[PDB]
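Asks: from the sequence below, what's the structure:
(one chain, ligands or ions: 2)
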Amino acid sequence: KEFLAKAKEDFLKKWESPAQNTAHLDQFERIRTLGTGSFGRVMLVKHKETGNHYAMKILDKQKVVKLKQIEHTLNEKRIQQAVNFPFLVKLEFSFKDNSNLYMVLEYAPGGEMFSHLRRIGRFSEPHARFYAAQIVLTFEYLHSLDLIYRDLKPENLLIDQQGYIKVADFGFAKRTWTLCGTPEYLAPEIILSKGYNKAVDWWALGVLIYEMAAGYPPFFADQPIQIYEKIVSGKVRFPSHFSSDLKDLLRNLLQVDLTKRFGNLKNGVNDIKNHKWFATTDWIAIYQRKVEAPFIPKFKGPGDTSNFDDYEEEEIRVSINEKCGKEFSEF
Ligand SMILES: [NH3+]C[C@@](O)(c1ccc(Cl)cc1)c1ccc(-c2cn[nH]c2)cc1
Ligand code: NA
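Replies: Residues are numbered from 1 along each chain as shown. Ligands and ions are numbered 1, 2, ... in the order given. See below for the structure:
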């Protein structure tokens, strides 16, 4: 708890006295889209002076307001510039014009983890274990800031050139969009509009590990309603190739009973770290990035993007009238 005790202090220092790294939008050349979302997209950009590459998130200000995500966006930004953790995406710069918010992020050239997963079918248990370790640490870190990841979106788990995970989200403090739309990853307590705490993240961890090891999520159906029924049921078919160690962990993680769910017990996350499945895991070496990654992305070019999918390229139009000024004044 040495690396996290201080990185909690560092968060508060940076929170309260933010840096003002200065670039201008005009310095970045838009190249191609790395991903799309509800209220924007992430462009790969090249710095016109250095030739260095970044991932620029472009949010339409109006669409953020029309979907009531202002507070979340402002918060997400402030959290992100304040955190320094090895498996969280750094914010480099941020700007705004009339139409858009712009957030220049550190580029993770290895693409989304789940495109490597579809490509190879399923991860081996060491391979899955390697990634899960980073997530555990990331979740432990986020928890020490009273942040909760809540909804796992595995499209948001990126891979860097060293083959380590970069997580793109920072959770929430304290949307039927998410419930109805992305159902496979919801914890039971969220489906049944009960309370939820840090323990939903350990459910998410369970789903993630299962999907990595299996190649598909543990609760799947055609209509979302059936999925909900499965999640709350507390019943999961394990593939036959799952070790009994893995099966055991997943029963404890995918526990519907909050009070018995691993991570949420007396010893907290140490239940998880000291599980037989993680016996071979050097937690310090993972944090310090000294474990050799099982997959290292192939770097064909300087701004090579073949590790991300293709997307249609909208024109980034900018109004000559400032939109949503007061709303994003503090952004
Ligand atoms: N998978 C998440 C999304 O695709 C994304 C796309 C649009 C929006 Cl509004 C939010 C998130 C994404 C893609 C790439 C990156 C990225 C690449 N390098 N560094 C960050 C981050 C998020
Ligand atoms: Na404001």
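
Asks: what parts of this structure come near ligand 1?
Replies: 34-37, 40-42, 55, 57, 89, 105-108, 112, 155-156, 158, 168 (CB under 6 Å from any ligand atom). Heads up, the C-betas are built off the backbone N, CA and C, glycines and all.

Asks: pull up the residues of this structure that are close to ligand 2.
Replies: 329-330 (CB under 5 Å from the ion).

Asks: how is the chain divided into domains?
Replies: 18-109+299-326, 113-288 (automatic domain parsing).

Asks: how about JSON lines for those domains, with mean neighbour count added?
Replies: Output for the domains of the chain, formatted as JSON lines (neighbours: other CB atoms under 10 Å):
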{"stretch": "domain 18-109+299-326", "mean neighbour count": "16"}
{"stretch": "domain 113-288", "mean neighbour count": "17"}
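
Asks: between those domains, which gets nearest to residue 4?
Replies: domain 113-288 (5.6 Å; CB to CB).

Asks: and that closest one, how far apart are its ends?
Replies: Between the start and the finish of domain 113-288 there is a gap of 20 Å, counting by CA to CA, to the nearest Å.

Asks: and it, how far out from the chain's middle?
Replies: A distance of 11 Å separates the centroid of the chain from that of domain 113-288, by CA atoms, centre = their mean, to the nearest Å.

Asks: can you offset everything so residue one is 221?
Replies: Taking 221 as the first residue, the last one we looked at is domain 333-508.

Asks: which residue, neighbours along the chain excluded, lies closest to residue 241?
Replies: Distance criterion CB to CB, 6 or more residues apart in numbering; nearest residue to residue 241, sequence neighbours excluded, is residue 313 at 5.7 Å.

Asks: show me what contacts that neighbour?
Replies: 241-243, 322-324 (CB atoms under 8 Å, 6 or more residues apart in numbering).

Asks: can you do 6 Å?
Replies: Applying CB atoms under 6 Å, 6 or more residues apart in numbering to residue 313 gives the contacts 241, 243, 324.

Asks: nearest to residue 429, of these?
Replies: residue 324 (32.1 Å).

Asks: show me what that closest one bridges to in the sheet.
Replies: Note on residue 324: beta-bridge partners by DSSP bridges are residue 276, residue 313.
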